[PDB]
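Down below is the structure, laid out as structure tokens.
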Amino acid sequence: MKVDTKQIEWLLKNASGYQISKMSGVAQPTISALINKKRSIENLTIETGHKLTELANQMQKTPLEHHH
Amino acid sequence: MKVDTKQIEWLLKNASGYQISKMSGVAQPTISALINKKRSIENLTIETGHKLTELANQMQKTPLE
Amino acid sequence: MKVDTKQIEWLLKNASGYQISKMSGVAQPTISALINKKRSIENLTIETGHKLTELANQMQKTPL
Amino acid sequence: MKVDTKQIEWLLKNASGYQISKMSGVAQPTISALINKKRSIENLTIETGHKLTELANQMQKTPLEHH
């Protein structure tokens, strides 16, 4: 598994907490605490960090029409 | 410089030769040849492949609607 | 930070808990737990995984 | 295929041309031109760059004692 915290930050600014939790499988309280900056990315498990990196990768690869 | 051919493929599938050339600086005949498969991605130089990889990364990281 | 669990597995393969701990600052009991398969790599924090992914990168890039 | 020019540079400092060439399939003249700067790494093909990046990864992953 690979994790990239820059991808996780991109994710946290580019989708809603509901969509991140539903599309990544990560629990709603973890995603809300990340968005509120009540808990740090650095202290997540590698497993969580991988799920959020993968979702970020997939969403970034949506066609250019759905960007900007 | 880093190159990733998967990113170049994504680029060629998601943007026109005109837009790729205008945003990457690679001459449009090179891009047109890649899109029509008269030239292969694997035979590009590392320098060009890096330019196309950076453009793809940049487009992918543009904020979502 | 970046993590690659493959790099971490290579490190646990190629260095002892004492040396990993001593060069990365990760607690030697955490490393031992990884080496006896009491804890998963996936359950380390991202920060710890980043430190171990780096140690592995550094050792791999030492000459020769 | 992925290319990393630092991995290529590392390889050129850490192994001889004879068998960078011999393990990667790239012709020794290309490797010699790289070693003697005649030619830049950035002008290699992606295909060549991938073979050299791959070899560099493989050689770097050899155990501690061989470093």
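Heavy-atom basis, side chains included; hydrogens, waters and symmetry copies ignored. In what follows, chains carry the letters A, B, and so on, assigned in the order in which the sequence lines appear, proteins first and then strands, with residues in each chain numbered from 1.
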Distance from D:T30 atom OG1 to D:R39 atom CZ, nearest 0.5 Å? 5.5 Å
Which residues pass the side chain to side chain contact (heavy atoms under 4.5 Å, CB included) test with D:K61, sequence neighbours left out? C:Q7, C:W10, C:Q60, D:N57
A:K6 meets the salt bridge (charged side-chain N to carboxylate O under 4.0 Å, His left out) criterion, sequence neighbours left out, with A:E9
For the OG atom of D:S24 and the CG atom of D:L52, what is their distance to the nearest 0.5 Å? 5.0 Å
Steps toward side chain to side chain contact (heavy atoms under 4.5 Å, CB included) verdict (D:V26, D:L55): CA-CA 11 Å; D:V26 307; D:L55 181 59; over 6 Å; no
State the CG-NZ distance between C:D4 and A:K2, to the nearest 0.5 angstrom. 6.0 Å
Holding to side chain to side chain contact (heavy atoms under 4.5 Å, CB included), I want the full list of residues that pass it with C:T5, two or more places apart in sequence or in another chain. A:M1, A:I46, C:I41
Return yes when atom CD of B:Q58 has more than 12 non-hydrogen atoms of other residues, nucleotides or ligands closer than 6.0 Å, and no otherwise. no
Pairs touching residues 41-55 of chain A that satisfy side-chain hydrogen bond (donor to acceptor under 3.5 Å, both in side chains), sequence neighbours left out: A:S40-A:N43, A:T45-A:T48, A:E47-A:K51, A:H50-A:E54
Smallest heavy-atom separation, C:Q19 atom then D:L64 atom, equals NE2-CD1, 4.3 Å
Roughly how far, to the nearest 0.5 Å, is NZ of B:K38 from CG of B:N36? 6.5 Å
Sub-3.5 Å donor-acceptor pair from the side chain of A:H67 to the main-chain atoms of A:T62, do we have one? yes
With a 3.5 Å distance limit and no angle check, can you tell me whether D:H66 reaches the backbone of D:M59 through a side-chain donor-acceptor pair? no
Once side chain to side chain donor-acceptor pair (under 3.5 Å) is applied, do any residues pair with A:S16, and if so which ones, sequence neighbours excluded? none
What closest approach, in Å, do B:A27 and B:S21 show between heavy atoms, and which atom pair accounts for it? C-OG, 3.7 Å
Looking only at side-chain N and O atoms, does D:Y18 offer a donor or acceptor that is under 3.5 Å from a partner on D:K22? yes
Side chain to side chain contact (heavy atoms under 4.5 Å, CB included) between B:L11 and B:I20, intermediate numbers included: CA-CA 8 Å; B:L11 185 65; B:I20 290 163; 3.9 Å; yes
Among all residues two or more places apart in sequence or in another chain, which pass the side chain to side chain contact (heavy atoms under 4.5 Å, CB included) test with A:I35? A:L12, A:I31
Spell out, as yes or no, whether a donor-acceptor pair under 3.5 Å connects the side chain of B:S32 to the backbone of B:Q28. yes
Test C:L44 against C:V3 for side chain to side chain contact (heavy atoms under 4.5 Å, CB included), laying out the working first. CA-CA 11 Å; C:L44 306 177; C:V3 182; over 6 Å; no
I'd like to know if the side chain of B:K37 reaches the main chain of B:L34, judged simply by a donor and an acceptor atom lying under 3.5 Å from each other, with no hydrogens or angles considered. yes
